[PDB]
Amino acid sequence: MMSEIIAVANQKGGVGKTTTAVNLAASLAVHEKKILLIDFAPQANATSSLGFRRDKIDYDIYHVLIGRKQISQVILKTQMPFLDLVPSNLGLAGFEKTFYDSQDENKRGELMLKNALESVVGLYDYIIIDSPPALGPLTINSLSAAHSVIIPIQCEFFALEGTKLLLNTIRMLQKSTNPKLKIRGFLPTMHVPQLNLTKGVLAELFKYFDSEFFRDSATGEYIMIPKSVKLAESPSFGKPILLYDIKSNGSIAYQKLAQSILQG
């Protein structure tokens, strides 16, 4: 049995990668698939959105990579039966020392997350990883551990040069440490369809990348997460948008996204 490993990644800050990672893991779990969410960010917002406050987590993801803990020891069960979580902390910031000290000897350490994952790749249908807003060692680990990658795009000017940067980082990993990697899709998020900027940013991206954007395969239309404040309120209750408000615009787009993952 094999888990599909998905990275949610962008180096631009505040683009919905944590909201995607939490609400994609949720929307997949309600289809009765076995889901593991890795909060791979030092800010650890994905953990906080599931209602586990940072201070009361005993041992975390940082302890796994060093070899201090097994990954199954740190796995927590969430509110949903088919959702499980590997949390994060401020302690994850110290991974960057551990990475670069390992680089100057064996040049591995991009793979520290893959080898951590190895034990649990057969208990899950899906393992979703939430990355920080940078192209450093945390993100690089996640891209190296992943079968595929979901890219949230806030359609605003810096996405343009930013996306081509992220894909270029993706190309050089395919050709080195992770050939098995694929672009799972591009996910327009915080989407406000009528803005001129949103139109104009989409048009430049569709120009190069259109085949790569998520289709609802049923109706052919694009899957885009609308700007909805209930998506934003939802982590204050420690719940994904499913449990919080299931009929809202955002939850709908997150369910539709789950189906397009499941069709292939």
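Each residue number is its position in the shown sequence, starting from 1.
Look at the C-alpha B-factors of 226 to 234 and of 54 to 62. On average they run higher in 54 to 62. For the segment pair 64 to 72 and 200 to 208, the entry gives 64 to 72 the higher mean B-factor, averaged over Cα atoms. Based on the entry's C-alpha B-factors, the most elevated value among 120, 80, 143, 93 belongs to 120. Residue set 130, 156, 161, 125: peak C-alpha B-factor at 125 (per PDB entry). Sort the chain's modelled residues by C-alpha temperature factor and residue 195 lands in the middle third, per the entry. In the deposited entry, the Cα temperature factor of residue 102 places it in the highest third of its chain's modelled residues. In the PDB entry, a CA B factor belonging to the highest third of its chain's modelled residues is recorded for residue 30. Residue 187: CA B factor lies in the lowest third for its chain, per the PDB record. Per the deposited record, the Cα B-factor of residue 85 falls in the middle third when ranked against the other modelled residues of its chain.
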